[PDB]
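Data block below; observations after.
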Amino acid sequence: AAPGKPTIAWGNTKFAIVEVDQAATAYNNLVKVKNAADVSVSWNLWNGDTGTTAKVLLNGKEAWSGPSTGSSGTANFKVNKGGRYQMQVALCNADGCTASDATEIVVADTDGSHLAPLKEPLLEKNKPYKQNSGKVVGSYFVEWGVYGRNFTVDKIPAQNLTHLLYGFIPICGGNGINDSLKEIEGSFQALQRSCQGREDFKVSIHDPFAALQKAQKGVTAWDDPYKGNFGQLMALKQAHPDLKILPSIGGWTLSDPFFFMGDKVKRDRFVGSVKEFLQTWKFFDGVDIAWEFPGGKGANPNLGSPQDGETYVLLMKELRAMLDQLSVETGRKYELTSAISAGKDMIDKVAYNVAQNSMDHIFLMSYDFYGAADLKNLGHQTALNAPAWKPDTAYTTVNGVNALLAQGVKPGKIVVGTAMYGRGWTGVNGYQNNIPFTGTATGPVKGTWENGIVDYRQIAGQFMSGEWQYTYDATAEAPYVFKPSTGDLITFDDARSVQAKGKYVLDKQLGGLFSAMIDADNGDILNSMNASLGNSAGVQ
Ligand SMILES: CC(=O)N[C@@H]1[C@@H](O)[C@H](O[C@@H]2O[C@H](CO)[C@@H](O)[C@H](O)[C@H]2NC(C)=O)[C@@H](CO)O[C@@H]1O
Ligand SMILES: *[C@@H]1O[C@H](CO)[C@@H](O)[C@H](O)[C@H]1NC(C)=O
């Protein structure tokens with residue numbers, strides 16, 4: 001007679017191709033990429049003959065076979081593809097095979113193949129749009145936004161984006177390499193701990209707790225291998241397979257290492273570490289380079305060289321070559337993008353007409369044109385055009401676009417930036433003709449989280465009532481609010497100025513719109529980005 005029916009032993013059923021060490025702070029130890037997950041199953045036979053061969057089946061296909069030598073057994077084998085499998089133990093003899101009932105096993109991998117889709121309702125004022133314009137609709141999400149801001153990946157209105165950028169991936173390095181981080185309490189030390197035993201100029205993760213270990217919706221079970229932002233982003237990819245999720249390397253305080261990459265030894269090490277990062281974290285779709293900025297004038301006053309423009313072009317070409325190779329190895333398309341200064345002087349330090357051939361999208365940082373760092377020269381921080389009271393204003397969106405086009409950049413490469421926050425001043429005084437910008441300030445406006453910066457959610461929620469004036473400057477295409485009793489003046493984007501940018505993008509055949517930072521919107525800004533680019537209302 002055929003063997004008795006085996007009973008699968010109670011035991012762990014959750015396995016991982018990329019293993020996470022739960023007691024490690026160094027990135028080198030935190031993540032272990034394997035070629036396959038090590039899976040184990042045991043069984044007992046309570047009734048009948050134990051057979052002569054035991055097999056482990058996954059969805060009916062043998063993953064392991066061995067002699068059946070007694071009433072209990074154990075099998076260890078490898079599984080090289082993530083997902084969920086119906087696992088059975090079968091006992092066989094010459095008279096037949098008898099299979100256990102199925103037990104589901106989970107084999108995790110960093111594409112999120114083991115995760116249920118993270119498909120969350122739109123929150124606040126966000127309304128559904130279809131991504132059918134063919135234009136970029138992008139936004140950055142910041143790693144540390146999950147703390148005080150409480151803005152997690154399940155709050156991203158992901159169906160309303162084509163591109164979600166993750167800020168920010170650091171480049172390893174201590175003294176002289178990441179000195180800009182020392183201005184943020186604890187942050188330089190946090191990077192040194194993440195990078196312990198890891199070569200300078202390789203990428204890492206700045207905050208492994210936020211990125212991988214903090215419990216979040218959909219990744220709360222203790223043995224879920226990937227939690228935090230990365231686990232949720234994997235689940236988000238399962239819900240939105242066409243969303244491009246890009247890691248952004250750099251930003252204001254993590255850009256110092258780029259200034260050393262004129263040394264090809266370092267640049268090669270960096271590019272290779274980016275490839276390894278994308279092979280490790282399969283849910284990412286390419287790389288965004290947020291080097292602030294070639295030539296200097298970013299966070300570090302001691303960095304910047306006339307060589308930086310050449311280094312930037314070489315870096316883009318080598319990144320593209322690495323991504324093209326990764327693409328044909330995987331069958332996937334990978335994107336290379338960069339966030340760049342929108343000032344003409346800064347733009348002209350780089351030959352973007354050359355670099356554009358390596359890049360899918362240029363994220364033009366057409367914001368922060370004015371702010372509390374200068375209390376004497378006030379202006380619109382993210383306007384399309386110059387205002388009527390100063391038509392020679394240098395820092396406008398159009399002037400940045402025009403600087404790129406004049407180099408020879410194709411317009412379809414250029415993604416115009418919108419702000420989901422305001423910048424502002426206090427004590428504005430001595431202005432003429434009811435235009436507060438013609439005055440001078442005494443300090444920064446009180447911020448939501450940081451001095452001189454106010455989330456758009458708070459502008460709409462608190463500063464559009466009471467004593468606050470509201471004015472839309474139709475020449476500049478820029479709104480502003482002003483409280484005369486205290487001289488508080490805030491410059492920001494609203495639905496109308498975003499609409500003007502979207503129409504400008506369509507008219508000039510630009511690439512689309514993007515914002516920083518997604519957590520600060522109440523929905524008004526992203527809704528307008530979508531509508532103004534011609535995306536249809538509804539769900540896809
Ligand atoms: C588009 C651009 O280059 N904007 C600059 C701002 O980024 C600078 O403010 C800095 O912003 C970063 C985040 O991007 C903060 O981490 C940093 O603390 C902040 N620094 C200061 C001094 O506010 C700004 C500084 O003058 O310069 C541009 O606006
Ligand atoms: C900007 O400064 C804030 C305040 O210290 C910090 O939280 C954040 O990491 C900085 N942003 C970037 C992109 O460096």
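Residues are named by chain letter and number: chains run A, B, ... in the order of the structure tokens, numbers start at 1 in each chain, and ligands are numbered from 1 in the order shown.
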### Task
For ligand 2, list the contacting residues at 6 Å or closer, counting only C-alpha atoms and all ligand atoms, as a PyMOL selection string.
chain A and resi 184+251-253
### Query
DSSP on the backbone: what in range 180-400 of chain A comes out alpha helix (DSSP H), as number ranges by chain?
A: 187-194, 208, 228-239, 264-280, 308-330, 344-347, 352-355, 397-400
So that I have them on file, write out the residues from the current selection with C-alpha atoms, as a tab-separated table (two decimals), in the first residue's frame.
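What follows is the written file again-v5.tsv:
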```
chain	number	residue	atom	x	y	z
A	187	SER	CA	23.94	62.87	12.38
A	188	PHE	CA	27.64	62.61	11.51
A	189	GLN	CA	28.10	60.01	14.25
A	190	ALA	CA	25.07	58.08	12.99
A	191	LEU	CA	26.64	57.81	9.54
A	192	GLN	CA	30.00	56.71	10.98
A	193	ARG	CA	28.22	53.93	12.85
A	194	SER	CA	26.33	52.83	9.73
A	208	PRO	CA	18.77	51.90	9.31
A	228	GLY	CA	10.47	50.62	7.90
A	229	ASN	CA	10.47	52.74	4.77
A	230	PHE	CA	12.07	50.08	2.56
A	231	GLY	CA	9.59	47.36	3.52
A	232	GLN	CA	6.66	49.70	2.86
A	233	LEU	CA	8.20	50.84	-0.43
A	234	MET	CA	8.49	47.20	-1.53
A	235	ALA	CA	4.81	46.70	-0.72
A	236	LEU	CA	4.04	49.96	-2.55
A	237	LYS	CA	5.78	48.61	-5.66
A	238	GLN	CA	3.51	45.57	-5.48
A	239	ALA	CA	0.49	47.89	-5.53
A	264	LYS	CA	38.44	58.08	-10.65
A	265	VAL	CA	39.50	55.57	-7.97
A	266	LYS	CA	36.79	57.00	-5.70
A	267	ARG	CA	34.25	57.54	-8.50
A	268	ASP	CA	34.61	53.93	-9.66
A	269	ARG	CA	34.16	52.68	-6.08
A	270	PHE	CA	31.02	54.81	-5.73
A	271	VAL	CA	29.46	53.67	-9.02
A	272	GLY	CA	30.15	50.03	-8.13
A	273	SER	CA	28.53	50.54	-4.73
A	274	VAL	CA	25.44	51.98	-6.44
A	275	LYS	CA	25.20	48.86	-8.61
A	276	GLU	CA	25.49	46.67	-5.51
A	277	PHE	CA	22.86	48.81	-3.77
A	278	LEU	CA	20.41	48.28	-6.66
A	279	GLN	CA	21.19	44.54	-6.75
A	280	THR	CA	20.49	44.46	-3.01
A	308	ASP	CA	33.31	69.70	-10.78
A	309	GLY	CA	31.44	70.19	-14.06
A	310	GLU	CA	33.67	67.67	-15.81
A	311	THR	CA	33.31	65.30	-12.84
A	312	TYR	CA	29.52	65.57	-13.01
A	313	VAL	CA	29.45	64.67	-16.71
A	314	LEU	CA	31.84	61.75	-16.20
A	315	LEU	CA	29.79	60.54	-13.23
A	316	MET	CA	26.54	60.60	-15.22
A	317	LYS	CA	28.13	58.73	-18.13
A	318	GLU	CA	29.58	56.03	-15.87
A	319	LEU	CA	26.35	55.70	-13.90
A	320	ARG	CA	24.46	55.29	-17.17
A	321	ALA	CA	26.91	52.62	-18.36
A	322	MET	CA	26.48	50.75	-15.08
A	323	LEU	CA	22.68	51.03	-15.28
A	324	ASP	CA	22.61	49.94	-18.92
A	325	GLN	CA	24.53	46.81	-17.92
A	326	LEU	CA	22.23	46.23	-14.94
A	327	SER	CA	19.26	46.71	-17.28
A	328	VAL	CA	20.29	43.98	-19.73
A	329	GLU	CA	21.23	41.64	-16.88
A	330	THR	CA	17.76	42.02	-15.36
A	344	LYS	CA	21.72	80.37	-14.23
A	345	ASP	CA	25.18	80.91	-12.73
A	346	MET	CA	25.10	77.43	-11.18
A	347	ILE	CA	23.65	75.78	-14.29
A	352	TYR	CA	24.03	69.64	-19.35
A	353	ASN	CA	23.76	69.53	-23.15
A	354	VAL	CA	26.28	66.68	-22.87
A	355	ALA	CA	25.15	65.15	-19.57
A	397	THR	CA	11.73	79.29	-12.84
A	398	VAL	CA	11.77	80.55	-16.44
A	399	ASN	CA	15.35	81.81	-16.14
A	400	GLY	CA	16.50	78.37	-14.98
```
Within 9 Å of residue 60 in chain A, counting only C-alpha atoms, which residues show up once you throw out same-chain ones fewer than 6 positions away? Write them as an mmCIF file with C-alpha atoms, in the first residue's frame, please.
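Output contents, as saved in result-v1.cif:
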```
data_model
loop_
_atom_site.group_PDB
_atom_site.id
_atom_site.type_symbol
_atom_site.label_atom_id
_atom_site.label_comp_id
_atom_site.auth_asym_id
_atom_site.auth_seq_id
_atom_site.Cartn_x
_atom_site.Cartn_y
_atom_site.Cartn_z
ATOM 1 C CA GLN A 86 2.060 25.941 -1.186
ATOM 2 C CA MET A 87 4.490 23.496 0.411
ATOM 3 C CA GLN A 88 3.785 19.787 0.857
#
```
#### Entry: Selection within 8 Å of ligand 1 by only C-alpha atoms and all ligand atoms, output as a PyMOL selection string
chain A and resi 251-253+292+298-299+341-342+365-374+450-452
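The spacing separating CA of residue 102 in chain A from CA of residue 54 in chain A amounts to 15.0 Å.
Separating CA of residue 515 in chain A from CA of residue 139 in chain A is a distance of 4.6 Å.
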Return as CSV the residues of range 226-294 of chain A lying at most 8 Å from range 168-174 of chain A, together with the closest atom-to-atom pair for each and the distance in Å to one decimal, counting only C-alpha atoms, with rows in chain order and ascending residue number.
```
residue,atom,partner,partner_atom,distance
A:247,CA,A:169,CA,6.5
A:248,CA,A:168,CA,5.2
A:249,CA,A:169,CA,4.6
A:250,CA,A:168,CA,6.1
A:251,CA,A:168,CA,6.6
A:254,CA,A:170,CA,5.7
A:257,CA,A:171,CA,6.5
A:270,CA,A:171,CA,7.9
```
Those selected residues, please, written with C-alpha atoms and delivered as a PDB file, in the first residue's frame.
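Contents of result_39.pdb, freshly written:
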```pdb
ATOM      1  CA  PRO A 247      16.960  56.383  -4.267  1.00  0.00           C
ATOM      2  CA  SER A 248      18.329  59.924  -4.168  1.00  0.00           C
ATOM      3  CA  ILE A 249      22.014  60.154  -3.251  1.00  0.00           C
ATOM      4  CA  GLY A 250      23.099  63.447  -1.751  1.00  0.00           C
ATOM      5  CA  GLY A 251      20.949  66.413  -0.853  1.00  0.00           C
ATOM      6  CA  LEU A 254      25.073  64.524   2.260  1.00  0.00           C
ATOM      7  CA  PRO A 257      31.582  63.277  -0.957  1.00  0.00           C
ATOM      8  CA  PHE A 270      31.016  54.811  -5.734  1.00  0.00           C
TER       9      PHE A 270
END
```
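In this model, the gap between CA of residue 3 in chain A and CA of residue 39 in chain A comes to 24.5 Å.
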Skipping near chain neighbours, those fewer than 3 positions away, what residues fall within 9 Å of residue 34 in chain A using only C-alpha atoms, listed as an mmCIF file with C-alpha atoms, in the first residue's frame?
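Okay, this is what ended up in around_20.cif:
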```
data_model
loop_
_atom_site.group_PDB
_atom_site.id
_atom_site.type_symbol
_atom_site.label_atom_id
_atom_site.label_comp_id
_atom_site.auth_asym_id
_atom_site.auth_seq_id
_atom_site.Cartn_x
_atom_site.Cartn_y
_atom_site.Cartn_z
ATOM 1 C CA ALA A 16 14.478 35.459 3.255
ATOM 2 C CA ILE A 17 16.783 35.652 0.229
ATOM 3 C CA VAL A 18 18.279 38.897 1.568
ATOM 4 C CA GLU A 19 18.709 38.331 5.295
ATOM 5 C CA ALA A 37 16.887 31.441 0.857
ATOM 6 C CA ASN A 80 15.933 31.212 -5.217
#
```
Wanna dump the range 128-185 of chain A-range 494-504 of chain A contacts at 12 Å for me, each residue with its shortest atom pair and the distance in Å to one decimal, counting only C-alpha atoms, ordered by chain and number, as JSON lines?
```
{"residue": "A:133", "atom": "CA", "partner": "A:502", "partner_atom": "CA", "distance": 11.4}
{"residue": "A:135", "atom": "CA", "partner": "A:502", "partner_atom": "CA", "distance": 9.9}
{"residue": "A:136", "atom": "CA", "partner": "A:502", "partner_atom": "CA", "distance": 10.8}
{"residue": "A:137", "atom": "CA", "partner": "A:502", "partner_atom": "CA", "distance": 10.2}
```
### Task
If you run DSSP over the backbone, which residues in range 33-273 of chain A end up strand (DSSP E)? Put them as a ChimeraX atom specification.
/A:33,37-44,53-58,61-67,72-79,83-93,96-99,103-108,136-142,163-169,244-250
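Compared by their closest atoms to residue 244 in chain A, and using only C-alpha atoms, the residues A:455, A:162, A:295, A:305 rank with A:162 nearest.
Summary of the local environment: counting only C-alpha atoms, residues at most 10 Å from residue 539 in chain A, other than itself and those fewer than 5 positions away along its chain, are residues 127, 128, 129, 130, 131, 159 and 160 of chain A.
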### Message
Let me make sure I understand: among A:48, A:241, A:436, A:117, which one has the smallest atom-to-atom distance to residue 5 in chain A if we use only C-alpha atoms?
### Response
A:48
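Using only C-alpha atoms for every distance, the candidate list A:363, A:77, A:141, A:472 yields A:363 as the residue closest to residue 404 in chain A.
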### Query
So which residues touch range 213-224 of chain A within 12 Å, counting only C-alpha atoms, skipping near sequence neighbours fewer than 2 positions away, as an NGL selection string?
:A and (12-16 or 18-25 or 30-31 or 106-110 or 112 or 114-120 or 143-144 or 146-147 or 150-155 or 207-211 or 226-236)
Could you take the residues named above and write them with C-alpha atoms, as a PDB file, in the first residue's frame?
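This is the output file out_16.pdb:
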```
ATOM      1  CA  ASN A  12       9.071  28.632  11.064  1.00  0.00           C
ATOM      2  CA  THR A  13       7.595  29.191   7.592  1.00  0.00           C
ATOM      3  CA  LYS A  14       9.094  32.629   6.853  1.00  0.00           C
ATOM      4  CA  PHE A  15      12.411  32.785   4.991  1.00  0.00           C
ATOM      5  CA  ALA A  16      14.478  35.459   3.255  1.00  0.00           C
ATOM      6  CA  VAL A  18      18.279  38.897   1.568  1.00  0.00           C
ATOM      7  CA  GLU A  19      18.709  38.331   5.295  1.00  0.00           C
ATOM      8  CA  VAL A  20      18.578  41.112   7.871  1.00  0.00           C
ATOM      9  CA  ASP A  21      20.662  40.907  11.034  1.00  0.00           C
ATOM     10  CA  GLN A  22      18.410  42.221  13.803  1.00  0.00           C
ATOM     11  CA  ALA A  23      21.329  43.002  16.163  1.00  0.00           C
ATOM     12  CA  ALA A  24      23.557  45.116  13.920  1.00  0.00           C
ATOM     13  CA  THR A  25      24.057  48.836  13.382  1.00  0.00           C
ATOM     14  CA  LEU A  30      22.828  44.595   8.659  1.00  0.00           C
ATOM     15  CA  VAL A  31      22.197  43.121   5.197  1.00  0.00           C
ATOM     16  CA  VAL A 106       6.973  32.794   2.544  1.00  0.00           C
ATOM     17  CA  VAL A 107      10.283  33.453   0.809  1.00  0.00           C
ATOM     18  CA  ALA A 108      11.088  37.131   1.108  1.00  0.00           C
ATOM     19  CA  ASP A 109      13.060  39.188  -1.373  1.00  0.00           C
ATOM     20  CA  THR A 110      13.645  42.897  -1.805  1.00  0.00           C
ATOM     21  CA  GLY A 112       8.456  42.797  -2.330  1.00  0.00           C
ATOM     22  CA  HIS A 114       6.392  38.204  -0.539  1.00  0.00           C
ATOM     23  CA  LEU A 115       4.265  41.214   0.485  1.00  0.00           C
ATOM     24  CA  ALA A 116       0.610  42.057   0.091  1.00  0.00           C
ATOM     25  CA  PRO A 117       0.184  45.257  -1.950  1.00  0.00           C
ATOM     26  CA  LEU A 118       0.209  48.458   0.098  1.00  0.00           C
ATOM     27  CA  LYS A 119      -2.886  50.056  -1.459  1.00  0.00           C
ATOM     28  CA  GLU A 120      -4.040  52.691   0.951  1.00  0.00           C
ATOM     29  CA  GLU A 143      13.681  59.157   5.470  1.00  0.00           C
ATOM     30  CA  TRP A 144      13.354  61.062   8.772  1.00  0.00           C
ATOM     31  CA  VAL A 146       8.495  59.169   9.958  1.00  0.00           C
ATOM     32  CA  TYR A 147       9.510  60.718  13.290  1.00  0.00           C
ATOM     33  CA  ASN A 150       4.729  61.152  11.382  1.00  0.00           C
ATOM     34  CA  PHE A 151       4.575  60.894   7.574  1.00  0.00           C
ATOM     35  CA  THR A 152       5.070  57.279   6.549  1.00  0.00           C
ATOM     36  CA  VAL A 153       5.048  55.525   3.182  1.00  0.00           C
ATOM     37  CA  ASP A 154       1.417  54.411   3.609  1.00  0.00           C
ATOM     38  CA  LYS A 155       0.500  58.134   3.576  1.00  0.00           C
ATOM     39  CA  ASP A 207      19.178  55.700   9.486  1.00  0.00           C
ATOM     40  CA  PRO A 208      18.772  51.896   9.305  1.00  0.00           C
ATOM     41  CA  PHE A 209      16.053  52.038  11.950  1.00  0.00           C
ATOM     42  CA  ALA A 210      13.751  54.269   9.904  1.00  0.00           C
ATOM     43  CA  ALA A 211      14.733  52.605   6.639  1.00  0.00           C
ATOM     44  CA  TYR A 226      12.031  44.233   5.748  1.00  0.00           C
ATOM     45  CA  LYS A 227      10.157  46.849   7.775  1.00  0.00           C
ATOM     46  CA  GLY A 228      10.466  50.620   7.905  1.00  0.00           C
ATOM     47  CA  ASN A 229      10.468  52.741   4.772  1.00  0.00           C
ATOM     48  CA  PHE A 230      12.069  50.085   2.559  1.00  0.00           C
ATOM     49  CA  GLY A 231       9.589  47.358   3.523  1.00  0.00           C
ATOM     50  CA  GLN A 232       6.663  49.699   2.863  1.00  0.00           C
ATOM     51  CA  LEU A 233       8.201  50.836  -0.433  1.00  0.00           C
ATOM     52  CA  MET A 234       8.487  47.200  -1.530  1.00  0.00           C
ATOM     53  CA  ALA A 235       4.806  46.699  -0.725  1.00  0.00           C
ATOM     54  CA  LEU A 236       4.042  49.962  -2.545  1.00  0.00           C
TER      55      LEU A 236
END
```
